[PDB]
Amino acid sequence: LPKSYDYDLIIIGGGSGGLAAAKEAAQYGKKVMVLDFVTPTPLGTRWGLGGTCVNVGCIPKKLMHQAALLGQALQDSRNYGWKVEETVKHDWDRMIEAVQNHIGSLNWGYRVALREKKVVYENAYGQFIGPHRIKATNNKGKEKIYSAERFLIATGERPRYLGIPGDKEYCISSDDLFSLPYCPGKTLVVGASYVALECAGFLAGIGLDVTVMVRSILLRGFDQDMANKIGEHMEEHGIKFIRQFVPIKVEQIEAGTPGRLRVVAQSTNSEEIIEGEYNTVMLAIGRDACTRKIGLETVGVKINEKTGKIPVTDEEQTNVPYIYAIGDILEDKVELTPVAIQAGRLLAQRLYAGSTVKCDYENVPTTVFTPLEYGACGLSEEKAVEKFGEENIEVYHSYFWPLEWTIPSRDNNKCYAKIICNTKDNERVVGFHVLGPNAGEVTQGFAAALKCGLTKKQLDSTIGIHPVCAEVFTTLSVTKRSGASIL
């Protein structure tokens, strides 16, 4: 009668948002349970507690990015006086081992964090079966049913495939790459998402022959001027591109570790068809919300059956009152770990602690870890013009050259900076974009500045820090309208 459900809250999904909400909730003394299960990849790769970010996302992605940056660091050191050979060899295996070992340490940590906070953790797949009731199936098949006063859906997504011959059977994806047991060799990454380019990037940085087949534009959604510059930088530094082509079939010329596959691709506007041979073929074309097979119908949760995303209120509530959702699965939000975490944390506070602070998904900063990092926050130049009108938007930009690059004598005028201003609003800074080293580190603070209503005037009154990249933003004086060169 008065709440005798099994738990005050059940969380489907032990990833970024999941674990965040779990911990926050436990802190206010609620009986919480977290179900987390990892469904193997078509090739049978699986991993521990943590979510996408910990095992197959940010964490390992960044670390390999770093291995690539360090190779560059080995070359840069020659001119600064370190006596190193001109060509240093890299060991895939040694790397993966190290990365997987860190991951393992994180898996275990999350497990312990849960135990310590008195949160029950079942490594089982969940699916609702009826109001306030869920079924959990473990790895052996054994099932059990639990009731709970509320539910949080934090299930995340997974690498999408092409419906084409040979993919699930021969191709790998983000899920497999970070634990690959052999050097991928001549690789072909397919798609032009953040993931696509980031991986093509580190793969090239560690010495492999890489090619990237794109269907249309690079980084759809991101500022196109910037994207194109990332493209250009990648192309100038190894990575080869095949533009306007989608593959139609992949066939195994020979199994191995790695083997040899042949990819047959077709033009997206010609009847032209090509074919090439590669050791590995990574599919990085998009990801699919894990919202379909969890029996949402039995409980009444309305999801956009088209996209897979779960519409939700500004408080992360679904149509069904006692069921909430956060994370990648949300519809029209931001598909990033910190967001998932913020939502999870604040939601729990809103329920179990009287907080009334809603997660703010506006001008969420982001960074794409391509060989030349790109950081960003706010409107792209396109989306800015559209929203306020070409006439009311001023664009201040400038190239720049990292002091650290002068001795090695490389890449002058590749790094780029631009802010977007709203003339109708005291030249408010509505867009912040930076292409260059340590882009994430540079962007974080300017994000807190946009949350404060940074004005070009106030920016101009800030003094830069010399000599560091980030200062280029304190002295932007050339506008794009003007016409002046910044080259």
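So that there is no doubt, residue numbering starts at 1 and follows the sequence shown.
Participant: Once you work out the mean C-alpha B-factor for both 270-278 and 134-142 from the entry, which is higher?
Facilitator: Higher mean C-alpha B-factor: 270-278.
Participant: On mean C-alpha B-factor from the PDB entry, just flag whether 123-131 or 236-244 is the higher one.
Facilitator: Stretch with the greater average CA B-factor: 236-244.
Participant: Say you rank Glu373, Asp176, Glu404, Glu116 by Cα B-factor from the PDB entry; which sits at the top?
Facilitator: Of the options given, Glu116 has the highest CA B-factor in the PDB entry.
Participant: Quick one: which of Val212, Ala227, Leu336, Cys171 has the biggest Cα B-factor according to the entry?
Facilitator: Within the set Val212, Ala227, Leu336, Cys171, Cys171 shows the top C-alpha B-factor.
Participant: Split into thirds by Cα B-factor across the chain's modelled residues, where does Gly29 land: lowest, middle or highest?
Facilitator: Highest third - that is where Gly29 ends up once the chain's C-alpha B-factors are sorted.
Participant: Hey, what third does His65 fall into on Cα B-factor, ranked over its chain?
Facilitator: According to the entry, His65 has a C-alpha B-factor in the chain's lowest third.
Participant: Against its chain's modelled residues, does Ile285's Cα B factor rank lowest, middle or highest third?
Facilitator: Middle third of the chain for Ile285's C-alpha B-factor.
Participant: Split the chain's modelled residues into thirds by Cα B-factor; is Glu297 in the lowest, middle or highest one?
Facilitator: According to the entry, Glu297 has a C-alpha B-factor in the chain's middle third.
Participant: Could you say whether, by C-alpha temperature factor, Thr155 belongs to the lowest, middle or highest third of its chain?
Facilitator: Within its chain, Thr155 is a lowest-third residue by C-alpha B-factor, going by the deposited values.
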